[PDB]
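Going in written order, the chains are labelled A, B, C, D, E, F, G, H, I, J, K and L, and every chain counts its residues from 1.
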Amino acid sequence: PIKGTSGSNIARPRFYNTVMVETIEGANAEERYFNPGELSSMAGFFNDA
Amino acid sequence: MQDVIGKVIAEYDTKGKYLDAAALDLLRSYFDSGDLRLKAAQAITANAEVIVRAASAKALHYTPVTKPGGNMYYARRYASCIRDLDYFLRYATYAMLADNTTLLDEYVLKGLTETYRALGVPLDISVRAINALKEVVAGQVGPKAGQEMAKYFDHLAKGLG
Amino acid sequence: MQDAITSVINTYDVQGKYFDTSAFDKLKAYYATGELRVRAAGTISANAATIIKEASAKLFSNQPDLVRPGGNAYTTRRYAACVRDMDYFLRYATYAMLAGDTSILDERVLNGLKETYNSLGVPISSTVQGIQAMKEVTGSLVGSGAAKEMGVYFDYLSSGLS
Amino acid sequence: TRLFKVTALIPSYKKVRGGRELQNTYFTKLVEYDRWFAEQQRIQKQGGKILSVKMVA
Amino acid sequence: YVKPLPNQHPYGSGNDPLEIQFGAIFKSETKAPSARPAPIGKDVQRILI
Amino acid sequence: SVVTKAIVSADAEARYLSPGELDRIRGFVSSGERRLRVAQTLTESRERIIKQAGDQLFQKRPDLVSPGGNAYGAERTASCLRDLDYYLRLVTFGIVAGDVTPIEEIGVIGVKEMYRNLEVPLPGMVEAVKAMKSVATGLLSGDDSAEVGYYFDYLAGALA
Amino acid sequence: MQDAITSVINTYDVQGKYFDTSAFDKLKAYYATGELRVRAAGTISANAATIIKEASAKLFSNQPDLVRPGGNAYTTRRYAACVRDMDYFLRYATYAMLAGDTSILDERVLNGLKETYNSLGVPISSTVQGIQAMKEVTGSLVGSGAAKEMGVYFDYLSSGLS
Amino acid sequence: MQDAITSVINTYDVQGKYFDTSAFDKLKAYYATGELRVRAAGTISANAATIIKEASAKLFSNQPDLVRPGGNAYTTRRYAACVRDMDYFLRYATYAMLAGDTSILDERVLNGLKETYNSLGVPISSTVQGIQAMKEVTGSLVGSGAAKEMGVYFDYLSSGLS
Amino acid sequence: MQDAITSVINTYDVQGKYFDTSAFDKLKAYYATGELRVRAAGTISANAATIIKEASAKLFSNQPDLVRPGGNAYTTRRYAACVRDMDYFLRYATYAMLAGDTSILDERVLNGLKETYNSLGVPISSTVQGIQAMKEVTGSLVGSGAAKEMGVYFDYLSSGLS
Amino acid sequence: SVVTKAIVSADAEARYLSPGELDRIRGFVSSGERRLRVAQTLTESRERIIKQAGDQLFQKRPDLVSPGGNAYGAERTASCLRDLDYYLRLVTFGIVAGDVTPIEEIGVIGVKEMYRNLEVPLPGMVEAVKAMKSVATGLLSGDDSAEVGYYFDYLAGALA
Amino acid sequence: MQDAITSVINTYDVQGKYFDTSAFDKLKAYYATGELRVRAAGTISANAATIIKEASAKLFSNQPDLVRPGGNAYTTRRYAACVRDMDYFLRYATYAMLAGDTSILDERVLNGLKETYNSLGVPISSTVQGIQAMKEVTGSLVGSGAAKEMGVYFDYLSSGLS
Amino acid sequence: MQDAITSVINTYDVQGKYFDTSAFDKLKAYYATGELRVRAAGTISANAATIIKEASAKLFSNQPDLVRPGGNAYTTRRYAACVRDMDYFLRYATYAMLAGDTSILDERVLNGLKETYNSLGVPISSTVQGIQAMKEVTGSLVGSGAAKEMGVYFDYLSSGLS
């Protein structure tokens, strides 16, 4: 038996990466908003979608 | 490290003048070749391990370097050699997409030569492996893109040599 | 995190079946708003500082006691922390709008927000009012069509606090 | 006896690293006097070779 | 982990009121976490003084 | 440039450029002709745009030309014209580059202390850049004015 | 507890002011939404046992481990405990919805639940899944307008556990 | 509170499996040792007062400062509580030996005991010495095999306290 | 972590006692089984891949839902994580058998494992089934006595998870 | 070796060799003669071990020398047998050193990605080293066979 | 950092050859000297404090000016540094004697030490004299057979510093 | 970190002498000057921003090439480095003035400064002209008595640069 517990969170593993997910986490990793390149890339993604 | 755009912007900022017709023409030359560079980037990205493997087979496998007493004689040293070839291929692709050789100097040639002296790495065999990698890359990407890759590869070779 | 596409893919992958009509309808709806949402995200990215300025002005005009002695925003440090929190809320609302999902808000904002604001003594109702003020300012800045999309995620944040 | 300028090359023997790790292996750094004995011990235990050390101040 | 169960309420230490004359003072999970969960079983009997 | 950011981010994770980054460079190079056309258009408008930005700034912020203002005086106008010219050139450099890094490096990193040295108010900067943006977007097409708006609003936000 | 009207009353009491236009606007908003709240509350009261039934069935179908041997819900006792917890969640979410404030959820439900579950060994992820199941089950019953109102309180419970 | 039989029942229930040869082997081993357990338990029950008297005498002889003024066992009530605690330890060791499991020791004895003694000011090391005193006293009465059996539970109490 | 020698040393250190005849009996008993333990550990090290493969085959045959969509083995990534956990359990059972004490199993494996799996969504019962499959595989390769010894530690892991 | 690992461990804590470490080194140097016997017997019969090691490897896995296989061709099969010779020599070095650190430093660190560049199947490597272990343990007595086979099982696990 | 065993392994691996009879004889020599090497190392570990005591005393006796003001060791800091240098040198000499090879002196002692002293201005003559003072004494404690072995390593350190 | 009072202590340490009358005289001189030293420090720290203001203004009036493109000061970043270098020169001159010794200039400023400016394309002559233009304003502001001591440090900075 366990003498102690630390608790359980809600884990969020990554299955695969999407273009939108990659761009948004790229912005969030640097803790910033979007530069024109990322904006144009997202526009092109929504065009090709 | 800088692109062609970065270089021309730096030059015209040093001069202090707006981008004239000549600078715009060089920028158009860079953007027109963009699709070719991106296609070659696709090809290198998809088949990078195949290219490195072919280069190692043609340049390194049955030379005495892989024999005992040779610089590649170890599982660790052989793996490190293949890892270095991966470095060269990836950063050559970076230089092609940048259309500039500054990133090769700053990222790859900064302290590499005397590091190879200290570790005992042979320069000439490394240059031979880079040349073989250049041949394999040209064969995979066709003549037009191979011509561009050749500049970055022999830049690496001159940096080693 | 997730986005709308990842949520749809996982919904149809856990079942083991191809995209049905509802899947294509959801994907079409998400893709249709994509250019409007990208335009809104660009406008907010270029103009975050303004939105924070008028939103904070409206909040502190509606509740002066916050910026007077004894208020949680009475100090240069606490005022700066307040406007910094406003910038967090704006940026994460933009991220969620672009993602089409609220997973990033649960994962990276709401997880630990109540504990933080209760430990620091920050008024949660006044924070909800500030988020609402950013909602009106952003809606005025990016247009009504993008205003609704951004207000969805602002309302998500507001209901997460209260 | 304040600062040491140390040029050192630390190779890798435990594995092969995929990242750049070129400046991590060969580098020149300024180290304080009180720290230099420990830093030299760490470099020598890592298997690295101390190429040179000089007195700056 | 390396010690027996604490003298604690089965539903956590934040579920123990302060033993004062009046008031019903409990710890809060949000004002300051200060939370210790323990694997207290269904049959565990507390030691009372 | 966009390619510079993509290469830096690719090195950061130590792998070749992702399909998302590759498509970003695709869209960047495919839009090169339009961006160069916009930057060239910004050039023929030299004195026009500079002066409408200047007098709009004077109307919006009379304190600058009022007595006691930091820009008060005829000699200050000569520096005003070339400062607005510098910022316009940086905007064009960013337009061709596709990112605001030339603007950040040449005119934003250290501008705050620089105008503190000259005792220059940052609100004057934001109002001047907003006047420039108004004039330039008015001259340019709506689709292109939207793309130039990011650069001008970045200039305004970074100046304050 | 505290609801929206008492919330306005309390903030104006702490500030020591008579009601202004903003307070009357908030009160009018609550009065506008109240009839919809009453309809939804009556609907949920009618279909409480049903909603619990489909939500629990959906959760145990998505996560069959819980009900199978070695699962946290595997016993008559533990299954009944799960259903009791879900009934509590539904009832207090209905109280919060009808009140227009989430304070009752903080006090009666959320203040102590994480530590209780962590000590008991309950999977909090599966419990959030059960709450989401109740949300999407009750949305179809109360109607879209009432579903939007009930969703914020179900999201509040889910975020409080997470 | 689970004995060996209940432990096997639980390890087979959590798997959802029916009983097989290995479970029957374990229960047969317990049934084999049951006669030794019952004889030892009866001997300890008949001689419980003598064991407590002998062990308390040995402990207070080895540590006379306990029953002298200034010692934690100095008053009639504190001496009574000390021998009462020794009665707890003996009785629960008898229960654990008869059950064949140490669950009752984590379950009814050692849970929160350190905190209780630390609040009361009771010496922990001296209590462990008294538990040993009971162990050596009980081994002689119960014989070699029953002493080897009861020693694991007495050492369990000692290690849990120490 | 501790082995049998360290366990005896601790149980005599807390009591402030030198080794008596029983302590030397336990130490001699452990030293008697040392060569058998080393042989079993070497054999299991030689055959670890075979054991993991065939045990995973048995588990996924008896639990087909794990590898189907919605199961917690349904991808190559998720399957690979499962087989890595299987390698964990076999390695730590070998460590515990070589030490002769279950302290490493509680310290480095069992502590926090249920909470981690609850957070991830891993089914604990299927993990126990995989561990029992490990036991069945390992017994044949290690022989009778080594199978009894290693089955003790597999049972300890199963009961810790169960 | 055992001495080298003990010295490294002591140097890690900046201390002298512990009584346990002195004891382990004493046990290593005491039985060094038997390790020399084992290494000499393995070295003397190297060509046999290699030849029939290739024999069971190729009969157990005909696909390797089948067309399309990694070992097809006289040169490639010769390199196969030379790799087996390398690993037998490494095993003898490990026998002499008293531990597997020569195997680590020569032929284990980076073996996977090296044989990835070589297309070499690692199950084939495992089967080859298992055949080598069977033969070598067969030539040696059981008391020797156990410790000799431990090194081979180590190598097989490394390749697997 | 290589011993004699690893030294012959490397010198034979670099040429790609198997061990020869001469290699086996050279291994036999080290295996024979191992016991006396271990005994010498044990005595040195025993008396290391004493050899440091006497080495510092003798060094500061034959050269007076170091401890006195203006001396290379004139400070408690520099005194501790010098005695620490003797301690490290002696420990590494013991390491080299156990390993039977001087590679460890190159790879952890002479690695950057010589130019460190050159930049610091440490007198090489005084260091060398300290090394003779250390070895002439340590030889007496370790015995003549071990004295001649320690001599080569101490002389190697001297020649490296020289 | 060299100071005149600390310099005296260091000299008497390295020579191993006690306090002498000359040391007391120079310490008295330092302590007597210290009050005006602090007054000069306070006056400069009052006006260091302004001193930099006019120093940079005079530098860019006399050598205007630096401001327009093709000058080393044509960038917001390079302008920042330009004014920061002047601020550093003034601040370290004040630090030396309070310290009463020029050794801090050699330690923290001058060493490697020639090489750094020549490597980075920095013009030495314009830097020295700026140091002179800052000399004049500092000397005018502090007054002749403070200016005599303050200008020496500026001369030594220039001489090291020249």
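Keep in mind that, in the parts below, contacts are C-beta pairs under 8 Å (C-beta built on N, C-alpha and C of every residue); 3 or more make two chains touch, one makes a residue touch a chain.
Peer 1: Given the touch definition stated above, what is the smallest step count connecting chain D to chain J?
Peer 2: 1
Peer 1: Would you say D-F or A-F is joined by more C-beta pairs in contact?
Peer 2: A-F
Peer 1: Can you tell me which chain is nearest the middle of the complex, judged by mean CA position?
Peer 2: So the chain nearest the centre of the shown protein is A.
Peer 1: With chain centres defined as mean CA positions, report which chain is farthest from chain G.
Peer 2: K
Peer 1: If you average the Cα atoms of chain B and of chain H to get two centres, how far apart are those centres in Å?
Peer 2: It comes to 75 Å between the two C-alpha centres.
Peer 1: Measuring from the mean C-alpha position of chain E to the mean C-alpha position of chain K, what distance in angstrom results?
Peer 2: 61
Peer 1: From the mean C-alpha coordinate of chain A to that of chain D, what's the distance rounded to whole Å?
Peer 2: Distance between chain centres: 37 Å.
Peer 1: Can you list the residues of chain I that touch 2 or more other chains?
Peer 2: Each of 70, 106, 111, 114-115, 118-119, 121, 125, 128, 162 in chain I touches at least two other chains.
Peer 1: By residue number and range, which residues of chain D touch two or more other chains?
Peer 2: 13, 15-16, 18, 20, 45, 49
Peer 1: At least two other chains touched by the same residue of chain B: list those residues.
Peer 2: Residues 13, 76, 79-80, 83, 107 of chain B each touch two or more of the other chains.
Peer 1: Write out the stretch or stretches of chain F touching chain A in their complex.
Peer 2: Per the stated touch rule, the residues are 2, 5-6, 9, 18-20, 23-24, 26-28, 31, 98-100, 147, 150-151.
Peer 1: For the complex, give me every residue of chain J touching chain I.
Peer 2: Listed in rising order, the residues are 146, 149-150, 153-154, 156-157, 160.
Peer 1: Show which residues of chain H lie in contact with chain G when the two form their complex.
Peer 2: So the residues of chain H in touch with chain G come to 13-16.
Peer 1: Would you mind writing out the residues of chain I in touch with chain G in their complex?
Peer 2: 65, 70, 114-115, 118-119, 121, 123-126, 128, 162
Peer 1: Per the contact definition, I'd like the list of chain A residues that touch chain G in the complex.
Peer 2: On the chain A side, the touching residues are 5, 7-11.
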